[PDB]
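>
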Amino acid sequence: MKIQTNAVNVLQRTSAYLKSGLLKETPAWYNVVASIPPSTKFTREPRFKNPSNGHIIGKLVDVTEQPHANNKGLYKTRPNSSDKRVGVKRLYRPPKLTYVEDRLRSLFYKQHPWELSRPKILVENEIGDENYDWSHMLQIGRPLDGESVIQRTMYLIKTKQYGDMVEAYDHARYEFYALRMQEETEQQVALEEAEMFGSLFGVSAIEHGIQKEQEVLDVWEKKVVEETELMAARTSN
Amino acid sequence: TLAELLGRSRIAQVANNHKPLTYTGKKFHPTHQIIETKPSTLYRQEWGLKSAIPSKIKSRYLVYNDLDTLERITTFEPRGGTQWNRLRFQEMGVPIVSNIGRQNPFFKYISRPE
Amino acid sequence: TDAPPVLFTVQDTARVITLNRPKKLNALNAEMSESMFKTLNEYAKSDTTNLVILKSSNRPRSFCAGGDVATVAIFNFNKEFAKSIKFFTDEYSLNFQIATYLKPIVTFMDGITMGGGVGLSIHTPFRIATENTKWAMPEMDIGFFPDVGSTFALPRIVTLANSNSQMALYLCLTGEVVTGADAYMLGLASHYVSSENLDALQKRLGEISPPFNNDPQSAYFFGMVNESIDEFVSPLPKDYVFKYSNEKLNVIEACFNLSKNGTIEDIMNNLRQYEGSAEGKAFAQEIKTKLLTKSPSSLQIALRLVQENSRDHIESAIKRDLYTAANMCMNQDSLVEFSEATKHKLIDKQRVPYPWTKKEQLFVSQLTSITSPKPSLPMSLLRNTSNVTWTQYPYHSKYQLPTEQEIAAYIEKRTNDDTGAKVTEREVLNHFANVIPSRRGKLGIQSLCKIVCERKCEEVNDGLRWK
Amino acid sequence: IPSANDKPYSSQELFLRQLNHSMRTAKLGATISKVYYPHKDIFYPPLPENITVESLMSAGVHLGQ
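Protein chains in written order, with the entry's author numbering: chain U, 1 to 237; chain A, 2 to 115; chain 8, 34 to 500; chain B, 133 to 197.
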């Protein structure tokens, strides 16, 4: 769509109405808009760096910067075809944001498929309040989940305790297993201890599933019977 | 910076997944991360995604692939039922054992070149 | 062929002046000052330039590390006193032009702003600071005085513990470095904008223009510039805590409270006889240590100028700095050590302080001579396009955080109103954050008001009294 | 219509008895901090000067098409 002109110039078109006398009274917005000018450039802006990984955009490596031979054993003495194509479009295309943590996150849930079954809440509370010390995995305010492992792994690589990402990741994974085992026992024991003191529960999870399966299996029984009788009539033909 | 915050955002925490939301083969384990919304947010169609989920959805659990698409819809299925399978396994109190008697993968054992 | 020392560029209707001496931290020499002084006169005559933006091309490393005094020291050692007086006539004349400039000037203090750099920003009502700002006046360690009209600005713009120029004397006599948010809260910076937002702010400044039949020199346009900068201001860091605690503010306000005929010894007595909290007592010893490692002559001259340029008009204060600078490079009475100290620190790298020799107490007549024009050396500031003088900045107050004297005036007025009402801290915060048009929603304005009431006001019943 | 002192509480009285508990006791034990409540966005909006990038990001304003 064409860059519109009349929406940002209401003050100037109004000013012509007032100066000529076509409009007798100044509108209430008139003074407010005059003191706060609208932005009216609507230009495309170049970008020279990917904010996620700091990669520089718009830099050409000259042959003088590649004095040594390549992986093929050949020296570079002249620009190649790619070097001779204008790359202005890359300056204007929104950069693809990438993060190393994304690679680890995919790995964690590939190794632990059932961690996906633990519901995650995407609704944020207040990102600015998060005061986390990733020297330890547990944190007050956030659940223990795959993200706890990833942030712990990054802290280890950031503090240079471990050099390889794999080693830091493995170290964090074991800390995660220990915390997961202590919680699986606290829940089992809590249920056992309550039943031993006379706690009663209406429906268990296993019972809930049986009831839901019965509701479905009852409708399925009717339809099967109905469709096993239309077939008999239709086939009789 | 904004880029640093985005990498740690709750949406970034969900690993990219394009596996079919409607799969008719053999299912052995969860394939999509379950998303949960609170009752208050559900009343306002807020799930922490890009767009509001349609009001028709009454469940508080869903699974999605893409935040937005060329069809101007979210690709999601309003189900969270793999969690109940895990919790029902927990209620049966049967520990998982190795039929090959291998070392426990959750313990940092000192293994050798056997 | 060589890169010009200062680069001038057009930004729509805004003219950007960029300091281009990165290897010297943008130090100001006679060439730079002369170029900027001449180009600013042209922009004042132009009808297509609405505002000017003084920045550096080295940010965030430095904006201006100070005037080039190392070169002035070599001149003194070579008796090139004419060259030295040219360097100070150009710099001080440029500081006078900026102070009286009729069009908005917006300085981006994105980096070390020390010495001459302070003169480039202290005289502009729009002096924007960043997280990388490092404001300091380290002249006492080099044997020089607080120049670039800092003895007329600091005593009039500082916000806390500056009723009698106590805080102004603390910064000029101790050479303490203030960083980012602290500079904004003290009044050294009018605005606090993140460095990342400076590019966007620059573009918006070039796009705004006076509306209808208003020139860029009208107060209306100055308000527009202030609002534009505010749109780019962001809330202070959550963890940020003001640098000076009330107890530390009580030491400065008492130990640096002199009379019209005070002396550096009087300050030394207070710092040596101070009583109060353990932190305050320890803080007073720290100041005493620092003030004993400075030039004994510079401290006395600085105090003289502060007590002389705190009640005089701008032109006489800047002119008195030119006389002092010339009367110091040419050490007729061997009362100062500016040249020798400058070589000990800048020309030659020596961390240790220069061993001082002029450790006497100059008399009132001796100080008068060092700060008065010699009838043999005629020196005058270059003429600017405004040629105006005044005793109070025409715009600094409207667009910076309020001073402790402005909050007091409203408490006294409100407390002496026919309403017979009680002044409450909550009412004070509201009156400064949601009432004054130019201060509406100003960053860190409620925090400053609470620091003043907690240290200056007495809360009796549901009222406030100005202790 | 209050019930007789010998008779058990009526349905309406039980509702008022629960409302009394809700005001005093129901909130004993802990306070809740750093939790987002949807209604407070409408009734307790922040001032423009106190808005941060984090706050905007927390609301999902950065999520384009």
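For each residue, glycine too, the CB sits at the ideal point set by N, CA and C.
#1: Can you check DSSP and say which residues form a bridge with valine 43 (chain 8)?
#2: Starting from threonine 146 (chain 8), follow the beta strand (DSSP E) in both directions and report where the run begins and ends.
#3: Look up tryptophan 168 (chain 8) in the DSSP assignment and say whether it is helix, strand or coil.
#4: For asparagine 6 (chain U), count neighbouring C-beta atoms within 10 Å of its own C-beta (all shown protein chains included) and say buried if the count is 16 or more, exposed if not.
#5: Grab me the residues of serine 343 (chain 8)'s own chain with a C-beta within less than 6 Å of its C-beta, minus the 5 sequence neighbours each way, in chain order.
#6: What's the gap between the Cα of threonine 83 (chain A) and the Cα of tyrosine 162 (chain U)?
#7: Going by the DSSP bridge assignment, what does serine 89 (chain 8) pair with across the sheet?
#8: Have a look at the DSSP bridge pairing and note the partners of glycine 496 (chain 8).
#9: Quick one: what's got a C-beta closer than 7 Å to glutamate 240 (chain 8)'s C-beta in the same chain, skipping five residues either side?
#10: In chain 8, what lies closer than 9 Å to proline 177 (chain B) by C-beta?
#11: Could you tell me which uninterrupted alpha helix (DSSP H) segments, each at least 4 residues in length, are contained entirely in the stretch 153-207 of chain 8, listed from first to last along the chain?
#12: What does DSSP give as the partner residue(s) for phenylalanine 77 (chain A) in the beta ladder?
#13: Sort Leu18 (chain U), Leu11 (chain U), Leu23 (chain U) by Cα distance to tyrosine 30 (chain U) and report the nearest one.
#14: In the DSSP assignment, what residue or residues form a beta bridge with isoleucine 138 (chain 8)?
#15: Counting only beta-carbon separations shorter than 8 Å, does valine 185 (chain B) have a partner in chain A?
#16: Return yes when the Cβ of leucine 195 (chain B) is within less than 8 Å of the Cβ of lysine 51 (chain A), no when it is not.
#17: Taking the alpha-carbon of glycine 148 (chain 8) as reference, which of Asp215 (chain 8), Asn165 (chain 8), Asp174 (chain 8) has the nearest alpha-carbon?
#18: Does any CB atom of chain A fall closer than 8 Å to the CB of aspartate 164 (chain U)?
#19: Within the continuous alpha helix (DSSP H) that includes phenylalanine 108 (chain U), where are the two ends?
#20: Given a cut-off of 8 Å, decide if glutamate 78 (chain A) and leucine 63 (chain A) are closer than it, judged by their beta-carbon atoms.
#21: Can you list the residues of chain U that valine 98 (chain A) reaches, using a CB-CB cut of under 8 Å?
#22: Could you round the C-beta distance between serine 52 (chain U) and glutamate 92 (chain A) to whole angstroms and report it? I think they count as a contact, below 8 Å.
#23: Could you pull the DSSP bridge partners for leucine 217 (chain U) from this structure?
#24: Classify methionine 200 (chain 8) as buried or exposed, calling it buried when 16 or more other Cβ atoms lie within 10 Å of its own Cβ.
#25: For the stretch 120-141 of chain U, which residues have a CB atom closer than 7 Å to at least one CB atom of chain B, in sequence order?
#26: Give the straight-line distance between the Cα atoms of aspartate 80 (chain 8) and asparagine 417 (chain 8), rounded to the nearest whole angstrom.
#27: Give the residues of chain U in contact with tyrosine 141 (chain B), contact being defined as C-beta atoms less than 7 Å apart.
#28: Counting only the same chain and skipping the five closest in sequence on each side, list residues whose C-beta sits under 6 Å from that of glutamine 144 (chain B).
#29: Quickly, what does DSSP pair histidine 33 (chain A) with across the bridge? List them, please.
#30: Would you call the CB atoms of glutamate 113 (chain 8) and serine 66 (chain 8) closer than 8 Å?
#31: With DSSP as the reference, identify every bridge partner of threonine 212 (chain 8), one or two as the case may be.
#32: Who are the Cβ neighbours of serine 310 (chain 8) in its own chain at under 7 Å, not counting the five residues just before and after it?
#33: Can you tell me which of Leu269 (chain 8), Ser331 (chain 8), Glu286 (chain 8) puts its alpha carbon nearest to the alpha carbon of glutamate 437 (chain 8)?
#34: Alpha carbon to alpha carbon, how far is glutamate 492 (chain 8) from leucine 291 (chain 8)? Give it in angstroms, no decimals.
#35: Run through the DSSP bridge pairs and tell me what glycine 100 (chain 8) is partnered with.
#36: Output yes if chain A places a C-beta closer than 8 Å to the C-beta of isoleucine 210 (chain U); else output no.
This is what the structure holds:
#1: In DSSP, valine 43 (chain 8) forms a bridge with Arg48 (chain 8).
#2: Going by DSSP, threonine 146 (chain 8) is part of the beta strand (DSSP E) stretching over 145-147.
#3: Reduced to three states, the DSSP call for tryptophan 168 (chain 8) is strand.
#4: Exposed is the call here.
#5: Sequence-distant Cβ neighbours of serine 343 (chain 8) in its own chain, meaning closer than 6 Å and more than five residues away, are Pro188, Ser198.
#6: Their Cα atoms are separated by approximately 36 Å.
#7: Beta-bridge annotation (DSSP): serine 89 (chain 8) is paired with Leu52 (chain 8).
#8: Secondary-structure assignment with DSSP links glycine 496 (chain 8) through a beta bridge to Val493 (chain 8).
#9: Excluding residues within five positions, the ones whose Cβ falls inside 7 Å are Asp45.
#10: Within chain 8, no residue comes near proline 177 (chain B); the closest Cβ sits about 14 Å away, beyond 9 Å.
#11: Taking 4 residues as the shortest admissible run, the stretch 153-207 of chain 8 contains the following complete alpha helix (DSSP H) segments, listed from N- to C-terminal end: 183-190, 199-207.
#12: According to DSSP, which records beta bridges pairwise, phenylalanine 77 (chain A) is partnered with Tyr65 (chain A).
#13: Closest option to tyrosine 30 (chain U), judged by alpha-carbon separation, among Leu18 (chain U), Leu11 (chain U), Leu23 (chain U): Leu11 (chain U).
#14: BP columns for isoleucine 138 (chain 8) point to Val85 (chain 8).
#15: Yes, because at least one Cβ of chain A sits closer than 8 Å to the Cβ of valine 185 (chain B).
#16: With a cutoff of 8 Å on beta-carbon distance, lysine 51 (chain A) and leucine 195 (chain B) are scored as near each other.
#17: Answer by Cα proximity: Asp174 (chain 8).
#18: So, not an interface residue.
#19: Residues 100-111.
#20: The answer is yes: Cβ separation under 8 Å.
#21: The contacting residues do not exist; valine 98 (chain A) stays about 15 Å from chain U at best.
#22: Wrong, their Cβ atoms sit about 44 Å apart, outside the cutoff.
#23: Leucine 217 (chain U) is not bridged to any residue.
#24: Flag for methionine 200 (chain 8) reads buried.
#25: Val123, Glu124, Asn125, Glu126, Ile127, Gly128, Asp129, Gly141: these are the residues of the stretch 120-141 of chain U whose beta carbon lies less than 7 Å from some beta carbon of chain B, given in chain order.
#26: Near 17 Å, if we compare the C-alpha coordinates of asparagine 417 (chain 8) and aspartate 80 (chain 8).
#27: Using a Cβ-Cβ cut-off of 7 Å, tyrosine 141 (chain B) is close to nothing in chain U; its nearest Cβ partner there is about 25 Å away.
#28: Excluding residues within five positions, none has a Cβ falling inside 6 Å.
#29: Bridge partners of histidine 33 (chain A): none, in fact.
#30: It is not a contact, given that the beta carbons lie outside the stated cut-off.
#31: Answer is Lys167 (chain 8).
#32: Cβ neighbours of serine 310 (chain 8) beyond the five flanking positions: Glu280.
#33: The option with the nearest alpha carbon to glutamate 437 (chain 8) is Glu286 (chain 8).
#34: Those two C-alpha atoms are separated by around 28 Å.
#35: For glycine 100 (chain 8), which the question treats as bridged, DSSP gives the partners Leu61 (chain 8).
#36: No, because no Cβ of chain A sits closer than 8 Å to the Cβ of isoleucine 210 (chain U).
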